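S.K.: Quick one: the structure is below, questions incoming.
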Amino acid sequence: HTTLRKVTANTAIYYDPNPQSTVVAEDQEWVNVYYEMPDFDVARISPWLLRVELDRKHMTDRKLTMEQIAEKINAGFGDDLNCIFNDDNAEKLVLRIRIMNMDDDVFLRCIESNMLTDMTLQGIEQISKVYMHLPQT
Amino acid sequence: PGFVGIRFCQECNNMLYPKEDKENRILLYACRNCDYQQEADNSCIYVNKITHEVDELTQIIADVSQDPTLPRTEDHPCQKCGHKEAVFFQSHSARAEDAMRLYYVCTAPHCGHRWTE
Amino acid sequence: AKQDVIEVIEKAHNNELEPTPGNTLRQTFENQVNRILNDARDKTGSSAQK
Amino acid sequence: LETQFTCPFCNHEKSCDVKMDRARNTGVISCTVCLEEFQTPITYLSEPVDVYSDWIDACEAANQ
Amino acid sequence: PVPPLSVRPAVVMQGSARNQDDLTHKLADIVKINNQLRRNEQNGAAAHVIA
Amino acid sequence: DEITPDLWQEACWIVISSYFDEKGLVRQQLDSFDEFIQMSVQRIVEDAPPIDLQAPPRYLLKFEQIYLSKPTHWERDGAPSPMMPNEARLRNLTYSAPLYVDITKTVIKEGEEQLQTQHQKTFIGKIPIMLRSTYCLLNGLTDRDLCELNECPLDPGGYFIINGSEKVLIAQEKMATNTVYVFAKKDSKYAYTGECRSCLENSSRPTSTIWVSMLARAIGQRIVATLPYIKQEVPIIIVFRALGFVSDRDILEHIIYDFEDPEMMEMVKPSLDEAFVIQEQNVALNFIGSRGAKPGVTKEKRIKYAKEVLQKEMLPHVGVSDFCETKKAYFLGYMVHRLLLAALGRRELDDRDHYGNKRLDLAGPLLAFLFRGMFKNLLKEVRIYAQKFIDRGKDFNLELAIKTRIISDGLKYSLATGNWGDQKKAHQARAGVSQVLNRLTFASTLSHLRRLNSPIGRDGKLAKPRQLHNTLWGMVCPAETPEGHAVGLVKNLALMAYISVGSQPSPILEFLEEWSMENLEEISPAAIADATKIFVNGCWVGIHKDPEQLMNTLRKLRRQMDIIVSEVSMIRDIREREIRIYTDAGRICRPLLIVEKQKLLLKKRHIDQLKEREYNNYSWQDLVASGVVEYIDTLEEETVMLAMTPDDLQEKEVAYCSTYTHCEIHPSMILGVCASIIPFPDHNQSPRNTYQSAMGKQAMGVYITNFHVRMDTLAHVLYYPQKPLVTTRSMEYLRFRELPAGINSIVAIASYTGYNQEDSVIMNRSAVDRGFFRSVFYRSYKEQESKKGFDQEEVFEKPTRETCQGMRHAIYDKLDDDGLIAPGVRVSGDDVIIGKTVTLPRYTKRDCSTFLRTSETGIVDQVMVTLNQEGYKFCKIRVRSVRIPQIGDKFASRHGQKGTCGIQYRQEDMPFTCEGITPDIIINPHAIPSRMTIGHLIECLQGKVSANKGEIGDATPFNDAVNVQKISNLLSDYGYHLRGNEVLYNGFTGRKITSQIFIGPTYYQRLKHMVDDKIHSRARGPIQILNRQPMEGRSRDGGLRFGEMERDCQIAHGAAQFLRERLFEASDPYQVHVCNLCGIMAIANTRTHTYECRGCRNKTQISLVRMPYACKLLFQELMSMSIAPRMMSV
Amino acid sequence: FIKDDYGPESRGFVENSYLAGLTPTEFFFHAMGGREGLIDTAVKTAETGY
RNA sequence: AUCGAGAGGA
Ligand SMILES: [Zn+2]
Ligand SMILES: [Zn+2]
Ligand SMILES: [Zn+2]
Ligand SMILES: [Zn+2]
């Protein structure tokens, strides 16, 4: 079993009014790549941004791409919780899930908690650790 | 990214909670107790380091060089001051339990430089 | 045996020691020391027996 | 902490029942015997002892 | 049911003081309060006192 | 100047000798009791509030001063006389002294009509006195003077005599107070919970515990405090608000010393959000007041309740006075801060088993707990007695008001029974305190007087409190512990271990305000960041800027015997900036040699002055005053760098430490009294050392020098005790050389005839004939004739067959007119030693004579007659029985090698050397290899060397000047095989044995367990009254239990008739008559042959049923519960 | 011992035999191990017998 | 004698 926490490096909540001009400087490429094409309306999107930094090697260890993670997020929460993400090429494995339709800064934390702990990206729940080996006996 | 600290109101000295102003679409830091407001300079409201990439050098204090029970070594001179001897010890804390990494502290008084090999 | 355990202790101190699968770095160091010292105890026992 | 209280008006033991309407932040304490009723604001930390407290305080204040 | 004397023997002691058994003492308690309650329920007694 | 290595090994032991010349072995007991009498009683009397009683006239009844006189005894006439401890032992008196209290009672009615009447020395009670304490009549007496009072000079004291019985208080472990401890319970609704058992230093009150917890996993951590006397938890921020710190910044100033730390801050935040509703002190005090006093209370009173709890009940050690809330807030914030560090993992959870965290509750503080309770109850009775008189308006006499039996009987009862608490609360009370002093052998007495006890509960199966913690080093014997159900829970002091008696912190506090310290109400919280906190007895008193030179100053004050006394612990935690100073009692510590740069402070001048200790009165205590030795407690050892020997201080090719601070006086002082007997304990498997430490307490010897005058219930004295040929340097202080408990035996380790297999020994019959391991067993019989009332009176007098009713067929001719046997009369089993007759209501008197405990066959050693406390005749008869060792008697060496005597061969039957030496004992070689008791072999070889050389061997544990090679080389110089082997010859045939046998002197012990005290048989003896089954015990002529597991075994065997015999026929056969219709036991009259059931009203269908009596009893007890067990026979 | 000493001596390796004799630290660590054995023997009985 | 407690033994 692998939860999002096991493969996550660090999570943070920002106040990003514009997706076009993001708060962070290194995420400005793919975000503006995502937004000009109106697959998903800018107006619908909420100001409050959830940015999670995945570490590369944990993703590779479970052979997990951001595609699978984003699919799992969009399945568990449907379209109510938009998620976007870059390719598996950048030096930092990052994906941004700001809500798109108790205040949203509080709400988004409840969402973040619930995602990190009890969203199942892979495996079977209540199988915590597995060891492979050759039996000498 | 870095953590975010709590900020307090300047009238009642209670913590300022986040909120959003729709008619400037800008982040504000407002007190639920009084009716003070501030405009944020951060834009970041919450930060969780699951990896806990903490620099334990910040947790060390130079006074630990005074401990008679810590081991000392002459093989790792200080880059600050050139003092010849230095105490060393392990991380010994939660989320530093992995990795027996040695931290060194200069025993020269008033230098107190700390480092890691 | 002691001088091998010192070898292992410097490797761990200098981060020259990498974990084995299924164990944390502490637990691998402990394994590696305990299996140096059990080799020592068995070898000295053999010497005494012979 | 007991939930049923002696009424300050009729002195009937455990005759007062307390209702916490948290959605409206109001606690209502009513005696079953003498039908005296009192309403006070409550918080999420409040308890029936606090509502009965506010009732006793209101009685003593009004009786001055 | 009061049990017989063999279930609750009154053992004699180094002298003549006959020590009774715990069951006998307890039956003493039950009897006294039963008699006392009986005279109260027979007479006029407060419902809370009878209770 | 410097002590060189060649001299060290006696320099150190010279130092050790001086310690035991100054302190002794029971110093902790005597110091505790002394502190209790000098301080604790006066503190308790003054700390009680004056009892103001008025209808009008009023009276206060101060108590102001105590006087404890010497122990005296009042006869029936009442003349006070000085009572000596041996008289108390013989007459079954309580060795107690009267406590008098000065009382001041001032009349105040009106019009300034004031007048004080002081009653000087009002007899308030009787305090039992610890022997050899400062207030004991044996105090300061010389060995002359003790012998001349019939006291043993070697008797350590340290115990009480209650009703003639010697009672010893066992030190009780408890978890230290006023210290914050953060633990984490794996199975609980809290990730982390910090607690402090706060207790004001002067024992005004019991310890009050505050808990500051962490709610289990907005869902963020929530911090609540469990205050005393408040029904429900409280969020911490409301407690802080209730202390007047309303703004959220002000609260965090106390909780978080560095605001730059994000991570602390974010953790605390949920509690701030959880208390956001309450914003001001009066609502917070309201909120707290609501939980507690009553459901309905006026608001002003609720506030007064919350205030009263906060300043008094919460954290009393911080303060109880008004205007302390800054102190309270800082200490409470410090508790929360500690919780946060534990929750963040910056700081480790506290360890419950660290003795730095534990305190030993000794005789003094325990008697103080009793005295507090009993003086409270006494004052209550004075109030009541005075109150009725004032209600009627008449004057009351205080002497009549004071019923002194409460203090006297309370202390006497609790020390007599061991139930530590009020006699009424006999089940809430904790037993095992105040045990009967072991007087089997001198080592057992010493160990029992140095016994510690961990009240975890023997039922508990968690091994953690039973494990030998690292911190027991030098404090507790690693070996001496019972091997039964209490293993590791009952402990023993190490030899130089000293439990602190307690001290006042006021000199230290006063000095701290001289020096660079700043109060806690006087600082701004911003300063706490890089400053160092200073705790004193748990109490955060201030902060400091340079902790290093503070610690230097404080250490160097304590080493000068300045304001800081020696037992004060001063720990500097460096990584966390605390300096914790401890002066309280119960801290186990030990002496250590201070070390300079790399150099002992102990020079040859000190050893020289110590050598002439008997001339220039240069003692231990001058060694301490010279700053050469220091007492270090368990908690301060964490900051100490110890050298095992001065050889560790020596500059090496690779320096291990090079910054030592202290040195061991000698490592062998980690052992206790009984483990210090073991020779070469570092060559044995540790379980063997533990088993010996247990068995040295069952070894016979001379338990005390004045045994001729003691009327002990059981006593064993060895005819010919010998000091061991192979000894440790610690026994010089245990006085084992002066009261030894064994004999040096010529042990051969051989297989000879097979009668020593499986932990058994073959003894020399001839040696036994010459007195080898012969002992005398003394058994004392009590009796008293009670004239309790004219209804029935007992009297000692030779009974007669014509007047006495319950006369056994045993002859009473050995008794005298007075009813008491005479000394020198040989008495066999079932014989009469005291003829006592009790008047009836075989006429007008019944026999109640005292018989011998059956199957003893001794000789009356002596008969003492006196009067007991109330004053009737009282007789003690000591009977004497010579115990010659025989097959089945248990013997042991000092290495856990126990075994019974398998057979005894005469000298011509035993194997002999070329020079005709036969072994006294032959033990089997198969007892060595699995046990790995190489100390036994090394002791045998060393003993051969010692006997051939005219030495006493040195078997001190860690001694590099003694190993097996050097002993073997010594033994080869006396014409013996260097390894202790000899050619033996078969005693039966005279042929040489092909294997050369290992033979030599080894110290053996005869243990109390003789077969003649264990053999027992039964064939239709007495039965128990309730269930008609065989009695329990040898003494009761009882039967052996055929238990459930024997039943199970015989079921597996398939032996149904044997099982029925054991569980029906041989225990309690019985018959009942059962109604065939209802199956209930009917009424049978076998004389008139009439059989009827009152239930069914039938008298023809009744059946006989053969059942056990216990089953009939069970069925009757089931009807007692309205159950109908109906034995249907169809 | 110095702090953070994972060497064989420090953590309870007895490099001596019973004939050679244990050093004081070895003696204490050996007493700790033997105490573990004694506790096991005294605590398993109730629970196995049940 | 009963009850409880404690200390021990295997
Ligand atoms: Zn504000
Ligand atoms: Zn430096
Ligand atoms: Zn009412
Ligand atoms: Zn019937």
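Convention: chains lettered A, B, ... in structure tokens order; per-chain residue numbering from 1; ligands numbered from 1 as shown.
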Taking only C-alpha atoms into account, report as a list in words which residues of chain F lie within 7 Å of chain B.

M.R.: residues 247, 248, 249, 262, 265, 345, 346, 574, 575, 639, 640, 641, 657, 659 and 660 of chain F

S.K.: Mind checking DSSP for chain E and telling me the strand (DSSP E or B) residues as JSON, numbers by chain?

M.R.: {"E": [11, 12, 18, 19]}

S.K.: So what do you get for atom CA of residue 121 of chain F versus atom CA of residue 76 of chain F, distance-wise?

M.R.: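 So the answer is 22.4 Å.
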
S.K.: Report as a list in words which protein, DNA and RNA residues come within 9 Å of ligand 2, using only C-alpha atoms (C1' of nucleotides) and all ligand atoms.

M.R.: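 Counting only C-alpha atoms (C1' of nucleotides) and all ligand atoms, the residues within 9 Å of ligand 2 come out as residues 77, 78, 79, 80, 81, 82, 83, 84, 85, 86, 105, 106, 107, 108, 109, 110, 111, 112, 113 and 114 of chain B.
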
S.K.: Go ahead and save the picked residues with C-alpha atoms, as a CSV table (one decimal), in the first residue's frame.

M.R.:
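Once everything was written out, this is out_26.csv:
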```csv
chain,number,residue,atom,x,y,z
B,77,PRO,CA,39.8,21.4,12.3
B,78,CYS,CA,37.4,24.3,12.3
B,79,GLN,CA,36.9,26.2,9.1
B,80,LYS,CA,35.8,29.4,11.0
B,81,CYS,CA,38.8,29.7,13.4
B,82,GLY,CA,41.3,27.0,12.8
B,83,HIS,CA,40.9,25.5,16.2
B,84,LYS,CA,42.4,22.2,16.1
B,85,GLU,CA,40.1,20.1,18.5
B,86,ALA,CA,36.3,19.7,18.1
B,105,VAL,CA,31.3,21.7,17.0
B,106,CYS,CA,34.4,23.8,17.6
B,107,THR,CA,35.6,23.8,21.2
B,108,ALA,CA,37.3,27.2,20.9
B,109,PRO,CA,35.4,29.6,23.2
B,110,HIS,CA,33.3,32.3,21.5
B,111,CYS,CA,33.7,30.6,18.1
B,112,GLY,CA,31.2,27.8,18.5
B,113,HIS,CA,31.2,27.0,14.8
B,114,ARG,CA,29.2,24.0,13.9
```

S.K.: Find the residues of chain G in contact range of chain B, meaning any atom within 7 Å when counting only C-alpha atoms, and list them as a PyMOL selection string.

M.R.: chain G and resi 2-4

S.K.: Keeping only N, CA and C atoms, take the residues you just selected and write them out as a PDB file, in the first residue's frame.

M.R.:
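Dumped everything to again23.pdb:
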```
ATOM      1  N   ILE G   2      32.033   7.464  26.423  1.00  0.00           N
ATOM      2  CA  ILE G   2      31.678   8.704  25.748  1.00  0.00           C
ATOM      3  C   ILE G   2      30.285   8.564  25.144  1.00  0.00           C
ATOM      4  N   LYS G   3      29.660   9.698  24.862  1.00  0.00           N
ATOM      5  CA  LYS G   3      28.351   9.665  24.232  1.00  0.00           C
ATOM      6  C   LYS G   3      28.461   9.162  22.800  1.00  0.00           C
ATOM      7  N   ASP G   4      27.431   8.446  22.353  1.00  0.00           N
ATOM      8  CA  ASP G   4      27.354   7.920  20.994  1.00  0.00           C
ATOM      9  C   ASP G   4      28.546   7.010  20.698  1.00  0.00           C
TER      10      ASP G   4
END
```

S.K.: Could you give me, as a list in words, every polymer residue with an atom at most 10 Å away from an atom of ligand 4, counting only C-alpha atoms (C1' of nucleotides) and all ligand atoms?

M.R.: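 Checked against 10 Å with only C-alpha atoms (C1' of nucleotides) and all ligand atoms; the hits are residues 1074, 1075, 1076, 1077, 1078, 1079, 1080, 1081, 1082, 1083, 1092, 1093, 1094, 1095, 1096, 1097, 1098, 1099, 1101, 1102 and 1126 of chain F.
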
S.K.: List all protein, DNA and RNA residues that have at least one atom no more than 9 Å from any atom of ligand 3, counting only C-alpha atoms (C1' of nucleotides) and all ligand atoms, and write them as JSON, numbers by chain.

M.R.: {"D": [6, 7, 8, 9, 10, 11, 12, 13, 15, 16, 30, 31, 32, 33, 34, 35, 36, 37]}

S.K.: Fewer than 3 positions away in the same chain doesn't count, so skip those; otherwise give me all residues within 12 Å of residue 16 of chain G, counting only C-alpha atoms (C1' of nucleotides), as a ChimeraX atom specification.

M.R.: /C:41,44 /F:682-683 /G:9,12-13,19-27,30

S.K.: Keeping only N, CA, C and O atoms, take the residues you just selected and write them out as a CSV table (one decimal), in the first residue's frame.

M.R.:
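And here is the file that came out, again_21.csv:
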```csv
chain,number,residue,atom,x,y,z
C,41,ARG,N,32.8,-14.4,18.0
C,41,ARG,CA,32.5,-15.3,19.1
C,41,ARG,C,32.5,-16.8,18.6
C,41,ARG,O,33.1,-17.6,19.3
C,44,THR,N,36.4,-17.6,17.9
C,44,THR,CA,37.1,-17.9,19.2
C,44,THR,C,36.6,-19.1,19.9
C,44,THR,O,37.4,-19.9,20.4
F,682,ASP,N,33.1,-12.1,39.2
F,682,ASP,CA,33.3,-11.9,37.8
F,682,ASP,C,33.8,-13.0,37.0
F,682,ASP,O,34.1,-12.9,35.8
F,683,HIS,N,33.9,-14.2,37.6
F,683,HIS,CA,34.2,-15.5,37.0
F,683,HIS,C,33.0,-16.4,37.0
F,683,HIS,O,33.1,-17.5,36.5
G,9,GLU,N,32.7,-2.8,23.1
G,9,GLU,CA,32.8,-2.7,24.6
G,9,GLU,C,31.6,-2.0,25.1
G,9,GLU,O,31.0,-2.5,26.1
G,12,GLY,N,28.1,-3.8,25.2
G,12,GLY,CA,27.9,-5.0,26.0
G,12,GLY,C,28.5,-6.3,25.4
G,12,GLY,O,27.9,-7.4,25.5
G,13,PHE,N,29.6,-6.2,24.7
G,13,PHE,CA,30.4,-7.3,24.3
G,13,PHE,C,31.5,-7.6,25.3
G,13,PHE,O,32.3,-6.8,25.6
G,19,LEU,N,37.1,-17.6,32.9
G,19,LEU,CA,38.4,-17.8,33.6
G,19,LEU,C,39.2,-16.5,33.6
G,19,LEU,O,39.8,-16.2,34.7
G,20,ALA,N,39.2,-15.8,32.6
G,20,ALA,CA,39.9,-14.5,32.6
G,20,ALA,C,39.2,-13.5,33.6
G,20,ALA,O,39.9,-12.8,34.3
G,21,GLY,N,37.9,-13.5,33.7
G,21,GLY,CA,37.2,-12.7,34.5
G,21,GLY,C,36.7,-11.4,33.8
G,21,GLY,O,37.3,-10.9,32.9
G,22,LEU,N,35.5,-11.0,34.1
G,22,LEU,CA,34.9,-9.9,33.5
G,22,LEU,C,35.3,-8.6,34.1
G,22,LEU,O,35.6,-8.5,35.3
G,23,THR,N,35.4,-7.5,33.3
G,23,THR,CA,35.7,-6.2,33.8
G,23,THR,C,34.4,-5.6,34.4
G,23,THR,O,33.4,-6.2,34.2
G,24,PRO,N,34.5,-4.6,35.2
G,24,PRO,CA,33.3,-4.1,35.8
G,24,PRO,C,32.2,-3.7,34.9
G,24,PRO,O,31.0,-4.1,35.2
G,25,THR,N,32.4,-3.1,33.8
G,25,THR,CA,31.3,-2.9,32.8
G,25,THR,C,30.8,-4.1,32.2
G,25,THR,O,29.6,-4.3,32.0
G,26,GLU,N,31.7,-5.1,31.8
G,26,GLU,CA,31.3,-6.4,31.4
G,26,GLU,C,30.5,-7.1,32.4
G,26,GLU,O,29.5,-7.7,32.1
G,27,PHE,N,30.9,-7.0,33.7
G,27,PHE,CA,30.1,-7.6,34.8
G,27,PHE,C,28.7,-7.0,34.9
G,27,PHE,O,27.7,-7.8,35.0
G,30,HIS,N,26.7,-8.2,31.8
G,30,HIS,CA,26.4,-9.6,31.9
G,30,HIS,C,25.3,-9.8,32.9
G,30,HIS,O,24.4,-10.6,32.8
```

S.K.: If you run DSSP over the backbone, which residues in segment 7-125 of chain A end up alpha helix (DSSP H)? Put them as a ChimeraX atom specification.

M.R.: /A:7,28-35,56-61,66-76,104-118

S.K.: Identify, on the basis of only C-alpha atoms (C1' of nucleotides), every residue whose closest approach to segment 86-93 of chain A does not exceed 9 Å; exclude the query and any residue fewer than 2 positions from it along the same chain; express the result as number ranges by chain.

M.R.: A: 27, 30-31, 52-56, 59, 65-67, 84, 95

S.K.: Give the residues of chain E that lie within 7 Å of chain F; count only C-alpha atoms, and format the answer as a ChimeraX atom specification.

M.R.: /E:1-3,6-7,9

S.K.: Please provide the set of residues having any atom within 6 Å of residue 215 of chain F, restricted to only C-alpha atoms (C1' of nucleotides), with same-chain residues fewer than 3 positions apart removed, written as a list in words.

M.R.: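 My reading of the contact set: residues 190, 221 and 222 of chain F.
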
S.K.: Starting from chain C, keep only residues with some atom at most 6 Å from an atom of chain B, counting only C-alpha atoms, and report them as a PDB file with C-alpha atoms, in the first residue's frame.

M.R.:
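Result file is out.pdb:
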```pdb
ATOM      1  CA  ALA C  12      28.423   4.892   9.207  1.00  0.00           C
ATOM      2  CA  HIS C  13      29.853   8.133  10.607  1.00  0.00           C
ATOM      3  CA  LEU C  25      20.248   2.470   8.330  1.00  0.00           C
TER       4      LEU C  25
END
```

S.K.: Give me the chain D side of the contact with chain F, cut-off 9 Å, one line per residue showing its nearest atom pair and distance in Å at one decimal, counting only C-alpha atoms, sorted by chain and residue number, as a Markdown table.

M.R.:
```
| residue | atom | partner | partner_atom | distance |
| --- | --- | --- | --- | --- |
| D:1 | CA | F:231 | CA | 6.8 |
| D:2 | CA | F:295 | CA | 7.1 |
| D:3 | CA | F:295 | CA | 8.8 |
| D:5 | CA | F:295 | CA | 6.9 |
| D:6 | CA | F:296 | CA | 7.8 |
| D:8 | CA | F:296 | CA | 8.5 |
| D:43 | CA | F:277 | CA | 6.9 |
| D:44 | CA | F:277 | CA | 8.2 |
| D:45 | CA | F:277 | CA | 7.7 |
| D:46 | CA | F:287 | CA | 8.5 |
| D:49 | CA | F:295 | CA | 6.2 |
| D:50 | CA | F:290 | CA | 6.5 |
| D:52 | CA | F:296 | CA | 7.1 |
| D:53 | CA | F:296 | CA | 6.6 |
| D:54 | CA | F:299 | CA | 8.7 |
| D:56 | CA | F:298 | CA | 6.8 |
| D:57 | CA | F:299 | CA | 6.3 |
| D:60 | CA | F:298 | CA | 8.0 |
```

S.K.: With N, CA, C and O atoms retained, write the just-selected residues as a compact mmCIF listing (two decimals), in the first residue's frame.

M.R.:
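For reference, selection00.txt as written:
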```txt
# COMPACT_ATOMS: atom_id res chain seq x y z
N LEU D 1 -20.06 15.85 35.40
CA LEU D 1 -20.96 16.99 35.34
C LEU D 1 -22.38 16.54 35.04
O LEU D 1 -22.66 15.99 33.98
N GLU D 2 -23.29 16.79 35.99
CA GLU D 2 -24.67 16.39 35.81
C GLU D 2 -25.33 17.23 34.72
O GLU D 2 -24.97 18.39 34.50
N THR D 3 -26.30 16.63 34.03
CA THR D 3 -27.05 17.30 32.98
C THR D 3 -28.42 17.78 33.45
O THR D 3 -28.99 18.68 32.82
N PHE D 5 -30.60 19.54 36.50
CA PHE D 5 -30.28 20.49 37.55
C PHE D 5 -31.52 20.82 38.37
O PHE D 5 -32.65 20.75 37.89
N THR D 6 -31.28 21.19 39.63
CA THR D 6 -32.34 21.69 40.48
C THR D 6 -32.76 23.08 40.02
O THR D 6 -31.92 23.93 39.72
N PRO D 8 -33.87 26.84 40.15
CA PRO D 8 -33.78 27.92 41.14
C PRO D 8 -35.13 28.48 41.56
O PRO D 8 -35.21 29.14 42.60
N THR D 43 -21.31 28.74 23.20
CA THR D 43 -20.22 28.47 22.27
C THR D 43 -20.03 26.96 22.16
O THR D 43 -20.66 26.18 22.88
N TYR D 44 -19.14 26.55 21.26
CA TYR D 44 -18.87 25.12 21.11
C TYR D 44 -18.21 24.53 22.35
O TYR D 44 -18.30 23.31 22.55
N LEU D 45 -17.56 25.34 23.17
CA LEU D 45 -17.01 24.87 24.44
C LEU D 45 -18.05 24.83 25.55
O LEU D 45 -17.74 24.33 26.64
N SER D 46 -19.24 25.35 25.32
CA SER D 46 -20.24 25.44 26.38
C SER D 46 -20.81 24.07 26.70
O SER D 46 -20.77 23.14 25.88
N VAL D 49 -23.87 22.71 32.18
CA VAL D 49 -23.51 23.41 33.41
C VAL D 49 -23.33 24.89 33.13
O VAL D 49 -23.70 25.73 33.96
N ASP D 50 -22.79 25.25 31.96
CA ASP D 50 -22.63 26.67 31.64
C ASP D 50 -23.97 27.34 31.38
O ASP D 50 -24.16 28.52 31.70
N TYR D 52 -26.92 26.41 32.74
CA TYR D 52 -27.50 26.57 34.07
C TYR D 52 -26.79 27.67 34.85
O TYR D 52 -27.41 28.39 35.64
N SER D 53 -25.49 27.83 34.60
CA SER D 53 -24.74 28.93 35.20
C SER D 53 -25.29 30.27 34.76
O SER D 53 -25.54 31.16 35.59
N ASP D 54 -25.45 30.45 33.45
CA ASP D 54 -25.98 31.71 32.94
C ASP D 54 -27.39 31.95 33.48
O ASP D 54 -27.76 33.10 33.74
N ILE D 56 -28.61 30.94 36.48
CA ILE D 56 -28.50 31.37 37.87
C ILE D 56 -28.02 32.82 37.93
O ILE D 56 -28.50 33.63 38.74
N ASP D 57 -27.07 33.17 37.07
CA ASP D 57 -26.55 34.53 37.05
C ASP D 57 -27.62 35.52 36.63
O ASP D 57 -27.74 36.60 37.22
N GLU D 60 -30.01 36.03 39.58
CA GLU D 60 -29.47 36.87 40.65
C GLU D 60 -29.36 38.32 40.20
O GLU D 60 -29.60 39.25 40.98
```

S.K.: Give me, please, the distance in Å between atom CA of residue 395 of chain F and atom CA of residue 49 of chain F, quoted to one decimal.

M.R.: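 It comes out at 22.0 Å.
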
S.K.: Mind giving me the straight-line distance from atom CA of residue 357 of chain F to atom CA of residue 635 of chain F in Å, one decimal?

M.R.: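 Taking atom CA of residue 357 of chain F as the start and atom CA of residue 635 of chain F as the end point, the length is 7.3 Å.
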